[PDB]
Amino acid sequence: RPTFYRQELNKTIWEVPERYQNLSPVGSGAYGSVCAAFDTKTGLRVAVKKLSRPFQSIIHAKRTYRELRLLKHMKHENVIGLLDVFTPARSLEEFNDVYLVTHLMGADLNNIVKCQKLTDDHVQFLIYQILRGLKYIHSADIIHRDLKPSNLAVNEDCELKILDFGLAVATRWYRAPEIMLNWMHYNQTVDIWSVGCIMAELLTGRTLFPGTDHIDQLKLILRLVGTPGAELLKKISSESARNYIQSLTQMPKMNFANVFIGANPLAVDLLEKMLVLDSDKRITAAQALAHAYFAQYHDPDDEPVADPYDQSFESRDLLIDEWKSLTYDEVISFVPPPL
Ligand SMILES: CN(C)c1cc(-c2ccncc2)c(-c2cccc3ccccc23)nn1
Ligand SMILES: Fc1ccc(-c2n[nH]cc2-c2ccncc2)cc1
Ligand SMILES: Fc1ccc(-c2n[nH]cc2-c2ccncc2)cc1
């Protein structure tokens, strides 16, 4: 067991191993707080996240377990992974805090773009990387569900990593129309919709669908891609949703070539394949990587898939101490990567 030291940064108490030095606050969210630090063992700048109230309830306890299990499984260049996970506790009985450590990333895509058009080479490279990560995540039967610029970490070398996947600027702006409609059987291509929205924004410098609420969001979407055709209407079970949808003034799909005129025609073609209303007809991450737009980056021998990921715990109804003990087990069993 390493030697820990304690300090207060903002209102939060940080108790970490002495290997981590020079902690300085970087951000805060509902799920936890983050500090930048220097890892003396590796010479790397790292980000350290202290989870907030991880075992306050069964809900929080299961979430904490879900997050740790997911992060321990993600091992890919374009997905955030773990360098370390620790707790100051020396036994299960005093286990109350969980800290996660990863490579410090400089900014998010939102901050990077702020707020102009990127060059076509940068769009190619950033989107390629999102898709490469997404192929990996999807191969493990994981749906991200909340892909947006603020969940994409990017360094000054344009290296990109997907953050907080499978843990489920307004989020609704990047959400698939079937999610606005509350379809309970949406699939992994909801993530491809989000990528299409991100890509459009990198090309134009403007949010593609800046909806003010869920109904407005769906309206803006249909304005561009058109109201649903016959084949898609057949797939909608809900009578109320069909009545609503069929009662909108019908609109044809816009010509993407004109909407995004000036962009690389290959980028336009790919956007057309990503922003398809019927999710069953959207391009997959694997297919997208093979699209001619990424000719300069695609290497089928270096776009790996993930090891199988067991999410059976999601259907379990356990006690708060049981989720806590499983989490403790996952902390103790952690093996750091080669480095
Ligand atoms: C913007 N969000 C939601 C972030 C951003 C970061 C982050 C990551 C790397 N560099 C800077 C900030 C982390 C985060 C921060 C610290 C450790 C983490 C460990 C695993 C996963 C995420 C971690 N968590 N959430
Ligand atoms: F964005 C959305 C989300 C949900 C709906 C919807 N599903 N079933 C019924 C409705 C609906 C919503 C508003 N007005 C009439 C009907 C309509 C639009
Ligand atoms: F207006 C719309 C917008 C999107 C959808 C949609 N696209 N892919 C799947 C669906 C869908 C939505 C509701 N129920 C089944 C399927 C259906 C109607």
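Residues numbered from 1 in each chain as written, not as in the entry; some residues may be left out. Chains lettered and ligands numbered in written order. Heavy atoms only, no water.

## Some thoughts on the overall build of the protein chain
- A count of helical and extended segments in the protein chain gives 12 helices and 10 strands.
- Principal axes of the C-alpha set define a box for the protein chain whose edges measure 65 × 45 × 40 Å.
- Within the protein chain, buried positions represent 49% of all 339 residues.
- A total accessible area of about 17,000 Å² is found for the protein chain, and carbon and sulfur atoms account for 51% of it.
- For the protein chain, the centre of its 37 positive side-chain charges and the centre of its 42 negative side-chain charges are spaced 4 Å apart. (Helix = DSSP H or I, 4+ residues; strand = E, 2+ residues; numbered from the N terminus. Buried < 20%, exposed > 50% of the residue type's maximum accessible area, 1.4 Å probe, protein only. Areas by Shrake-Rupley, 256 points an atom, 1.4 Å probe, with all protein chains shown as cover. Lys, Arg positive; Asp, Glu negative; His and termini not counted. Charge placed at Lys NZ, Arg CZ, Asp CG, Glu CD.)

## Quick notes on the packing of helix α3 (residues 120-139) against helix α5 (residues 190-204)
- One can describe the packing of α3 onto α5 by two numbers: an axis separation of 10 Å at closest approach and a directional angle of 170 degrees. The pairing of α3 with α5 is recorded here as roughly antiparallel in orientation. Judged by residue contacts, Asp120, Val123, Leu126, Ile127, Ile130, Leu131, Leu134 and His138 of α3 engage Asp191, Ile192, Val195, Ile198, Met199, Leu202 and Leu203 from α5.
- Here the contact of α3 with α5 is built from residues that sort into 12 nonpolar, one polar and two charged. (Axes fitted to C-alpha atoms, helices over the stretch in contact; angles between N-to-C directions. Parallel < 35°, antiparallel > 145°, perpendicular 65-115°, else oblique. Contact = heavy atoms within 4.5 Å. Nonpolar A, V, L, I, M, F, W, Y, C, P; charged D, E, K, R; others polar.)

## What about the side chain of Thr64?
- Locating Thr64 in the fold gives a position in helix α1 (residues 58-73).
- For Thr64, a relative accessible area of 4% puts it in the buried group.
- If we skip the residues at most four places from it in the chain, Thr64 touches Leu51, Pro54, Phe55, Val98 and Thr327.

## Some words on the site of ligand 2
- The environment of ligand 2 is made up of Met180, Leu181, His214, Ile215, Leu218, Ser240, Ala241 and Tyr244.
- Contacts to ligand 2 include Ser240, whose side-chain N or O atom sits 3.0 Å from a nitrogen atom.
- Protein coverage of the free-state accessible area of ligand 2, which is 400 Å², stands at 63%.
- Among the elements of the structure, α6 (214-225) and α8 (239-246) are those that each provide at least two residues to the shell around ligand 2.
- Classifying every residue of the shell around ligand 2 gives six nonpolar, two polar and no charged. (Near = heavy atom within 4 Å. Polar contact = N/O pair within 3.5 Å; in protein donor to acceptor, adjacent residues only side chain to side chain.)

## Regarding the sheet that holds strand β4 (residues 32-39)
- The sheet built from five strands is open, its strands ordered β3-β4-β5-β7-β6 with antiparallel pairing. Strands with a single pairing partner mark the edges of an open sheet, and in this sheet they are β3 (20-28) and β6 (84-86). On average, adjacent strands in this sheet sit at an angle of 25 degrees to one another, irrespective of strand direction.
- As paired strands, β4 and strand β5 (residues 44-51) are joined by eight bridges and run antiparallel to one another. By the bridge assignment, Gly32 is partnered in β5 with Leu51. (Pairing = 2+ DSSP bridges.)

## Some thoughts on the UniProt feature "active site" in the protein chain
- Following the UniProt record, one finds the feature "active site" at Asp164.
- Relative to the assigned elements, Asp164 resides in the loop between β10 (160-162) and α4 (177-180).
- Classification of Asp164 as partly exposed rests on a relative accessible area of 35%.
- Ignoring any residue separated from it by four or fewer positions in sequence, one finds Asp164 in contact with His144 and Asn151. (UniProt positions renumbered as here; feature names shortened; annotations may be inferred.)

## Section: the UniProt feature "binding site: ATP" in the protein chain
- Look at the UniProt record and you will see "binding site: ATP" annotated at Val26, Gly27, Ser28, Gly29, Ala30, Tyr31, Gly32, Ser33, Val34 and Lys49. Maximum C-alpha separation among the annotated residues is 14.3 Å over a sequence range of 24 residues, consistent with a single clustered spot.
- Checked against the element boundaries, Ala30 lands in the loop between β3 and β4.
- Structurally, the position occupied by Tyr31 is in the loop between β3 and β4.

## A word on unusual backbone geometry
- In the segment running from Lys114 into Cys115, the intervening peptide bond is cis, with an omega of -5 degrees.
- Summarising the element assignment, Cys115 is placed in the loop between α2 (109-113) and α3.
- The backbone of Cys158 shows a phi angle near 70 degrees, a positive value even though the residue is not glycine.
- Its location among the elements puts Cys158 in the loop between β9 (152-154) and β10.
- We classify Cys158 as buried; its relative accessible area is 16%.

## Considering the environment of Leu100
- Here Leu100 lies in strand β7 (residues 99-103).
- Look at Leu100 and you get buried, because its relative accessible area is 4%.
- When the C-alpha positions of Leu100 and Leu83 are compared, they lie 8.0 Å apart, and in sequence the two are 17 residues distant.
- Ignoring any residue separated from it by four or fewer positions in sequence, one finds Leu100 in contact with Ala47, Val48, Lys49, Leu51, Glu67, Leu68, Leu71, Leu82, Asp84 and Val85.

## Side note on the pairing of β4
- Across the eight residues of β4, six count as buried, placing the element largely inside the fold.
- For β3 and β4, the ladder comprises six bridges, and the chain directions are antiparallel. The residue bridging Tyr20 from the neighbouring strand is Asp39, located in β4.
- What sits between the antiparallel neighbours β3 and β4 is a turn of three residues.
- Connecting β4 to the next strand, β5, in antiparallel fashion are four residues, including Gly43 with a positive phi near 75 degrees.

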